[PDB]
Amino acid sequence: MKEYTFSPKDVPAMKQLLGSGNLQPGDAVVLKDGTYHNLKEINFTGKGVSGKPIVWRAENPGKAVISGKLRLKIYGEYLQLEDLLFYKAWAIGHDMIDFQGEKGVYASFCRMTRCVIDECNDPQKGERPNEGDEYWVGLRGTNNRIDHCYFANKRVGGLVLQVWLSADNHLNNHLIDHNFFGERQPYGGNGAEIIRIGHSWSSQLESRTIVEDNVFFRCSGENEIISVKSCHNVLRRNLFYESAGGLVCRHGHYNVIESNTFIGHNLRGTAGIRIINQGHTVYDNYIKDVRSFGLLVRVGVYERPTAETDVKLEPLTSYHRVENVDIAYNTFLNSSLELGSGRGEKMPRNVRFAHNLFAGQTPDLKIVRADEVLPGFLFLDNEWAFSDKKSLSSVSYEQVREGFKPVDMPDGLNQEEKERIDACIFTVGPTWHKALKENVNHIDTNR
């Protein structure tokens, strides 16, 4: 096993070695302290093996800085980037860092860990809608991992992290864990998501991406923090803090949403979970002080397509009926329930809303097209805890009244929140980046 060391004056030789395919398992490409400007088109390829990846890393964590024009493609097996700081770099074209070489030649078992992407905005792209688009990280292939990274201050349109699916490469089992997705200011239009899993056109395909133990801090570009657009993904134990958007099951089916926590601080645009499409299981989520919606269950325009469906007549970009969704053991604290809104004639069917706590000061419960929507819900053994003890009796729908029991405000909620936040923030991100430590300390001291 060999270490190959380079300095900023050696960018040409560095790019050649990384892109040659000649690196062997256990080898490392090591960058001495400095700023590496304008790498431009750079490939990282090779074949590591399990337990012996090929590594591209800083000699001293955080002191190798990559800036300027960049088009990095990663493809091969068991390749790892570690401890790199991407600062004021930007994409030559659409994609700054991509896990594919030529179309069809993918990364697998590759990993980006303890890296930062901060302020990586093309000066020649604009900050307003339609003034330019660039994506920071594109996942392709299978079994790749993004972990313990910090991504913040994207100011141009486009995704922080896109999971790309195709008809012949969709089932990925990628893992996105222990990352800190920091501030994103309002974009003023669509296309400023943090994570997008698939696309409308790939949304009927199984992805099996796992998004676990991540922090989203002031992610406020648009109404979707995470836009789930594919099937069988798992979103677990994430923290959404002061973020002006929601976790949205936008397209695709059978997504599993477990034990996430939302701390909105009553800020503009903060939201919880938005449900479109079928088959999801939504368990143990805790949604607090969000102002747009706590839970939204939408009508659909079309049924889920079959092989016979002409998707030119029933587009995948539309909205598909909610059916067969289990919503159990969640908490909605000073956060609304909005059931049956949206355009379309496909009412929700077979939605179970059971064992949830709906609590706060004044309840915010919105039911649309009640006599057509409520038959599609089973409300069972929920708890209702609000200041006015007459409030449940004032609800117009007996089926709703019978599905809730009034209770006094439970006394363990502050401790429950502390456990959830403590579990998410003290193992997140790269420890060497001061802004990660500062932002984590902010959450810790402003719960």
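Numbering starts at 1 and follows the sequence shown.
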task = Please work out which of 305-313 and 168-176 has the higher mean CA B-factor as recorded in the PDB entry.
result = 305-313
note = Looking only at C-alpha temperature factors in the entry, 377-385 or 27-35, the higher average sits in 27-35
inquiry  = So if I compare the CA B-factors in the entry for 147, 206, 323, 371, which one is the largest?
reply    = 371
ask   = Looking at 213, 133, 82, 224, which has the highest CA B-factor as recorded?
value = 133
request  = Would you mind ranking residue 362 by its C-alpha B-factor against the rest of the chain and naming the third, lowest, middle or highest?
outcome  = highest
message = Ranking the modelled residues of this chain by C-alpha B-factor as given in the entry, is residue 191 in the lowest, middle or highest third?
response = highest
key: CA B-factor placement of residue 92, once the chain's modelled residues are sorted into thirds   = highest
task = Among all modelled residues of this chain, ranked by Cα B factor, put residue 264 in the bottom, middle or top third, i.e. lowest, middle or highest.
result = middle
request  = Sort the modelled residues of this chain by their C-alpha B factor and say whether residue 129 lands in the lowest, middle or highest third.
outcome  = highest
